[PDB]
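Single-structure report; data block below.
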Amino acid sequence: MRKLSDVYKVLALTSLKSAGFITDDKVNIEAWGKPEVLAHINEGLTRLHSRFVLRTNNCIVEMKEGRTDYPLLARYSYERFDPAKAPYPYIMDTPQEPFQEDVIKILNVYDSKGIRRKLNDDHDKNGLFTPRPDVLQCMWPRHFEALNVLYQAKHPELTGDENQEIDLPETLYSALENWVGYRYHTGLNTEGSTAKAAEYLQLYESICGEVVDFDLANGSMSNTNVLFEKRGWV
Amino acid sequence: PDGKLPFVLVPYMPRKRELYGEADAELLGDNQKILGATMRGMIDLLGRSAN
């Protein structure tokens, strides 16, 4: 689990090596292009955390009476309650692991009783529809309820602090660099730099293909066929 | 009156020069095994599919 400070250095030696903002020691990035690079790493992790299922996290959502639509934002959480934009907090997070507003796709939600509730099932009372990816529409907020919502997650936003640690598999760092190089080299609008951006972007797919061709990101899934015994079939 | 043990023993399939007899499932061994292992394979093929 590397640090953003180390990512700056490793970026300065492999991908952004001919970049202008490389400092005189060649092992760091000048303080004028760091917002630019940080805005490329954040997008880079978001893409990598979108294709592969890299971070599966669950955040429980308490039921408040009278509210059916339950946006899974950070303003409604407990530790990050924002009284100006949220009437009451209903998500539950601990101080050490607060909600980071990092929901990409919601996968499976259980209950406080252990009953699994289907997702997007038109003919299914006891079903939680999601009218938009980062929301949740429970049509019957029963008493004493909660919802462990297993969802695909993205890396928590990199504010810019050089001591924030990055959660990426070590084998996928050769693809994050090839995406930062793409974003940087494609903005210069020069013929030489643009042709390099395509090479860096295509290499991103090649490495993202070798990671999925060897199950290095846990993409293959096998499960016990519990359906067999239920449908009869002695 | 007969002055003998009051037991009468008859074999199903006699064993040569042996008091006890050999039953039917002795030769039928491994035939049930193969037939069951094939029927279970067919049922596995049908049930572990998507209909």
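Going by the structure tokens order, chains are called A, B, ..., each with residues numbered from 1, while ligands are numbered from 1 in the order shown.
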>> as a PyMOL selection string, could you give me every residue of chain A near chain B (at most 10 Å apart, counting only C-alpha atoms)?
In response: chain A and resi 225+227-229+231-234
Writing out the chosen residues with N, CA, C and O atoms as an mmCIF file, in the first residue's frame:
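What follows is the written file result_4.cif:
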```
data_model
loop_
_atom_site.group_PDB
_atom_site.id
_atom_site.type_symbol
_atom_site.label_atom_id
_atom_site.label_comp_id
_atom_site.auth_asym_id
_atom_site.auth_seq_id
_atom_site.Cartn_x
_atom_site.Cartn_y
_atom_site.Cartn_z
ATOM 1 N N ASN A 225 -23.980 -24.382 -6.504
ATOM 2 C CA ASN A 225 -25.266 -24.359 -7.201
ATOM 3 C C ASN A 225 -26.406 -24.687 -6.238
ATOM 4 O O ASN A 225 -26.957 -25.785 -6.225
ATOM 5 N N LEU A 227 -29.284 -23.513 -6.356
ATOM 6 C CA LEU A 227 -30.561 -23.547 -7.063
ATOM 7 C C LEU A 227 -31.019 -24.979 -7.311
ATOM 8 O O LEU A 227 -32.220 -25.261 -7.358
ATOM 9 N N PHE A 228 -30.066 -25.895 -7.485
ATOM 10 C CA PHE A 228 -30.349 -27.292 -7.802
ATOM 11 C C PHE A 228 -31.307 -27.941 -6.812
ATOM 12 O O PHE A 228 -32.338 -28.489 -7.212
ATOM 13 N N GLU A 229 -30.982 -27.877 -5.521
ATOM 14 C CA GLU A 229 -31.795 -28.556 -4.521
ATOM 15 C C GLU A 229 -33.158 -27.904 -4.338
ATOM 16 O O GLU A 229 -34.109 -28.583 -3.937
ATOM 17 N N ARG A 231 -35.188 -26.417 -6.723
ATOM 18 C CA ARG A 231 -36.124 -26.689 -7.807
ATOM 19 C C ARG A 231 -36.607 -28.134 -7.830
ATOM 20 O O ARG A 231 -37.230 -28.543 -8.815
ATOM 21 N N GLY A 232 -36.348 -28.903 -6.777
ATOM 22 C CA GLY A 232 -36.650 -30.320 -6.770
ATOM 23 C C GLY A 232 -35.389 -31.139 -6.931
ATOM 24 O O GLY A 232 -34.492 -31.068 -6.085
ATOM 25 N N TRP A 233 -35.307 -31.911 -8.016
ATOM 26 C CA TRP A 233 -34.087 -32.609 -8.409
ATOM 27 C C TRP A 233 -33.440 -33.366 -7.258
ATOM 28 O O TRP A 233 -32.332 -33.025 -6.830
ATOM 29 N N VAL A 234 -34.122 -34.384 -6.745
ATOM 30 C CA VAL A 234 -33.600 -35.188 -5.647
ATOM 31 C C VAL A 234 -32.277 -35.836 -6.031
ATOM 32 O O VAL A 234 -32.005 -36.066 -7.207
#
```
>> Give me the residues near residue A:118 as a PyMOL selection string, where near means some atom within 10 Å (using only C-alpha atoms) and where sequence neighbours in that chain fewer than 4 positions away do not count.
In response: chain A and resi 107-110+122+124-129
Find the residues around stretch 200-203 of chain A up to 6 Å (only C-alpha atoms counted), leave out those fewer than 6 positions away in its own chain, and share them as a compact mmCIF listing (two decimals) with N, CA, C and O atoms, in the first residue's frame.
```
# COMPACT_ATOMS: atom_id res chain seq x y z
N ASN A 178 0.49 4.28 -17.15
CA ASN A 178 0.18 4.40 -18.57
C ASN A 178 -1.11 5.16 -18.84
O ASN A 178 -1.37 5.52 -19.99
N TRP A 179 -1.92 5.42 -17.81
CA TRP A 179 -3.10 6.27 -17.95
C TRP A 179 -2.82 7.72 -17.59
O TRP A 179 -3.39 8.62 -18.19
N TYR A 182 -1.17 9.01 -20.62
CA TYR A 182 -2.15 9.31 -21.65
C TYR A 182 -2.81 10.66 -21.41
O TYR A 182 -2.88 11.49 -22.32
```
>> Need the shell around residue A:40: protein/DNA/RNA residues with any atom at most 8 Å away, counting only C-alpha atoms. Skip same-chain ones fewer than 2 positions apart. Format as a list in words?
In response: residues 36, 37, 38, 42, 43, 44, 179, 180, 183 and 184 of chain A
Atoms kept (N, CA, C and O atoms) for selection, written as an mmCIF file, in the first residue's frame:
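Written output follows (result-v6.cif):
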```
data_model
loop_
_atom_site.group_PDB
_atom_site.id
_atom_site.type_symbol
_atom_site.label_atom_id
_atom_site.label_comp_id
_atom_site.auth_asym_id
_atom_site.auth_seq_id
_atom_site.Cartn_x
_atom_site.Cartn_y
_atom_site.Cartn_z
ATOM 1 N N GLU A 36 -2.374 19.064 -11.408
ATOM 2 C CA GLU A 36 -2.671 18.385 -12.664
ATOM 3 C C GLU A 36 -2.468 16.881 -12.541
ATOM 4 O O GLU A 36 -3.331 16.099 -12.947
ATOM 5 N N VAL A 37 -1.327 16.467 -11.987
ATOM 6 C CA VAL A 37 -1.050 15.041 -11.835
ATOM 7 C C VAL A 37 -2.032 14.408 -10.861
ATOM 8 O O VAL A 37 -2.548 13.310 -11.100
ATOM 9 N N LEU A 38 -2.312 15.091 -9.749
ATOM 10 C CA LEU A 38 -3.268 14.560 -8.784
ATOM 11 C C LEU A 38 -4.656 14.406 -9.393
ATOM 12 O O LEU A 38 -5.374 13.457 -9.060
ATOM 13 N N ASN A 42 -6.468 10.565 -9.630
ATOM 14 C CA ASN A 42 -7.821 10.353 -9.126
ATOM 15 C C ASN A 42 -8.724 9.775 -10.206
ATOM 16 O O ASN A 42 -9.515 8.863 -9.947
ATOM 17 N N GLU A 43 -8.625 10.301 -11.428
ATOM 18 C CA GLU A 43 -9.366 9.712 -12.538
ATOM 19 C C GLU A 43 -8.830 8.329 -12.877
ATOM 20 O O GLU A 43 -9.594 7.428 -13.242
ATOM 21 N N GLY A 44 -7.514 8.143 -12.769
ATOM 22 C CA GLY A 44 -6.933 6.847 -13.081
ATOM 23 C C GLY A 44 -7.442 5.744 -12.176
ATOM 24 O O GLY A 44 -7.809 4.663 -12.640
ATOM 25 N N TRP A 179 -1.924 5.419 -17.815
ATOM 26 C CA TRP A 179 -3.098 6.270 -17.954
ATOM 27 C C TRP A 179 -2.819 7.715 -17.585
ATOM 28 O O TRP A 179 -3.392 8.622 -18.192
ATOM 29 N N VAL A 180 -1.955 7.950 -16.596
ATOM 30 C CA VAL A 180 -1.497 9.307 -16.320
ATOM 31 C C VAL A 180 -0.724 9.851 -17.512
ATOM 32 O O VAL A 180 -0.881 11.016 -17.897
ATOM 33 N N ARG A 183 -3.311 10.886 -20.196
ATOM 34 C CA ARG A 183 -4.028 12.123 -19.914
ATOM 35 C C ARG A 183 -3.123 13.336 -20.070
ATOM 36 O O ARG A 183 -3.537 14.366 -20.614
ATOM 37 N N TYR A 184 -1.879 13.233 -19.603
ATOM 38 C CA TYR A 184 -0.943 14.346 -19.682
ATOM 39 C C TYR A 184 -0.513 14.636 -21.115
ATOM 40 O O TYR A 184 -0.554 15.788 -21.555
#
```
Counting only C-alpha atoms, what is within 7 Å of residue A:53, bar same-chain residues fewer than 3 positions away, as a CSV table (one decimal) with N, CA, C and O atoms, in the first residue's frame?
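File produced: result-v2.csv:
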```
chain,number,residue,atom,x,y,z
A,49,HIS,N,-10.8,1.1,-10.7
A,49,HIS,CA,-11.8,0.6,-9.7
A,49,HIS,C,-13.2,0.4,-10.3
A,49,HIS,O,-14.0,-0.1,-9.6
A,50,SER,N,-13.4,0.8,-11.6
A,50,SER,CA,-14.7,0.6,-12.2
A,50,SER,C,-14.8,-0.7,-13.0
A,50,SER,O,-15.7,-1.4,-12.9
A,56,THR,N,-14.8,-3.9,-2.6
A,56,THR,CA,-16.1,-4.2,-2.3
A,56,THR,C,-16.4,-3.9,-0.8
A,56,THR,O,-15.8,-4.5,0.1
A,152,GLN,N,-19.9,-2.0,-5.2
A,152,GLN,CA,-18.6,-1.7,-5.8
A,152,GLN,C,-18.2,-0.3,-5.3
A,152,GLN,O,-19.0,0.6,-5.3
A,219,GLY,N,-11.5,-11.6,-10.7
A,219,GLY,CA,-12.6,-11.4,-11.5
A,219,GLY,C,-13.4,-12.6,-11.8
A,219,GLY,O,-14.7,-12.6,-11.9
```
> In Å, with one decimal, what is the gap from atom CA of residue A:117 to atom CA of residue A:92?
Replying inline: 19.5 Å
> So which one's closest to residue A:60, A:98, A:209, A:87, A:20? Using only C-alpha atoms, please.
Replying inline: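 That would be A:98, the residue with the smallest distance to residue A:60.
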With DSSP run on the backbone, what are the strand (DSSP E) residues within chain B? I'd like them as a PDB file with N, CA and C atoms, in the first residue's frame.
```pdb
ATOM      1  N   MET B  13     -26.741 -69.882  -4.290  1.00  0.00           N
ATOM      2  CA  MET B  13     -25.787 -70.397  -5.263  1.00  0.00           C
ATOM      3  C   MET B  13     -24.685 -71.136  -4.519  1.00  0.00           C
ATOM      4  N   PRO B  14     -24.585 -72.455  -4.648  1.00  0.00           N
ATOM      5  CA  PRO B  14     -23.674 -73.210  -3.786  1.00  0.00           C
ATOM      6  C   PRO B  14     -22.221 -72.844  -4.023  1.00  0.00           C
ATOM      7  N   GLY B  21     -23.489 -70.637   1.406  1.00  0.00           N
ATOM      8  CA  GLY B  21     -23.683 -70.374  -0.002  1.00  0.00           C
ATOM      9  C   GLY B  21     -23.418 -68.916  -0.328  1.00  0.00           C
ATOM     10  N   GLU B  22     -23.250 -68.656  -1.621  1.00  0.00           N
ATOM     11  CA  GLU B  22     -22.951 -67.325  -2.130  1.00  0.00           C
ATOM     12  C   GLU B  22     -24.214 -66.723  -2.724  1.00  0.00           C
TER      13      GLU B  22
END
```
> Which of chain B counts as helix (DSSP H, G or I) under DSSP, as a ChimeraX atom specification please?
Replying inline: /B:31-47
> Quick one: residues within 12 Å of residue A:25, only C-alpha atoms counted, chain neighbours fewer than 3 positions away excluded, as a ChimeraX atom specification?
Replying inline: /A:9,12-13,17,21-22,28-30
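Residue nearest residue A:154 within the list A:74, A:54, A:211, A:176: A:54 [criterion: smallest interatomic distance, only C-alpha atoms].
Residues surrounding residue A:112 within 9 Å are residues 110, 114, 115, 144, 145, 146, 147 and 148 of chain A [only C-alpha atoms; sequence separation below 2 positions excluded].
Rounded to one decimal, atom CA of residue A:58 and atom CA of residue A:111 lie 12.1 Å from each other.
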